[PDB]
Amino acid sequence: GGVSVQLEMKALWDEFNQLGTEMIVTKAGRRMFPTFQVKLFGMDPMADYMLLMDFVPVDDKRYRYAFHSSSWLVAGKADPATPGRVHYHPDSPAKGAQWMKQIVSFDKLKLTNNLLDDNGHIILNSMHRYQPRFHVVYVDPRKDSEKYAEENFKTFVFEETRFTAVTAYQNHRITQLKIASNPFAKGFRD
């Protein structure tokens, strides 16, 4: 367990977290912003690794945004859990030297509210809080089967990456930051 992970764009994640991060969710699938990007350290260069991402609920409560007080409040009890989906990195599996070579970005990752989705996108319930988790798994390609044991995986949880899944932005301050930092939203600047 000597593998180290460094979250890229930490300052941007913390700026969003202070406001209370919101992530748009659609039927077709929406990319996260900011993109979850990491730097890998202490891996064996000859060993083959699988890089994974999963989303875990923060609490069992449904949220509501009050525009009068500009804050999030508990609306009621959480809706039933969404069918569990996982997202492997497109380059997985790959050698330890390949992962440590450059920053690993989960830019192809998409969030959806469609419970019946078959496009490999992450299914999330709108107005609920989620915690993105990052997993490094050691895998032997000569073996046709894979499973989880205590010594074959490591989980990395960055508290600043937690967000609320929404269909439209609630906090206007979040929209302002998304517009100002995401290049695809440059047409809305000024």
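Sequential numbering from 1, following the sequence displayed.
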item: Mean C-alpha B-factor comparison - 68-76 and 114-122, higher one; value: 68-76
item: Higher-B stretch (mean Cα B-factor, as the entry records it), 156-164 or 138-146; value: 138-146
item: Assigned third (lowest, middle, highest) for the C-alpha B factor of residue 45; value: highest
item: Chain third (lowest, middle, highest) by recorded CA B-factor, residue given as residue 95; value: highest
item: Chain third (lowest, middle, highest) by recorded CA B-factor, residue given as residue 62; value: middle
item: Residue 108 - Cα temperature factor, lowest/middle/highest third of chain; value: middle
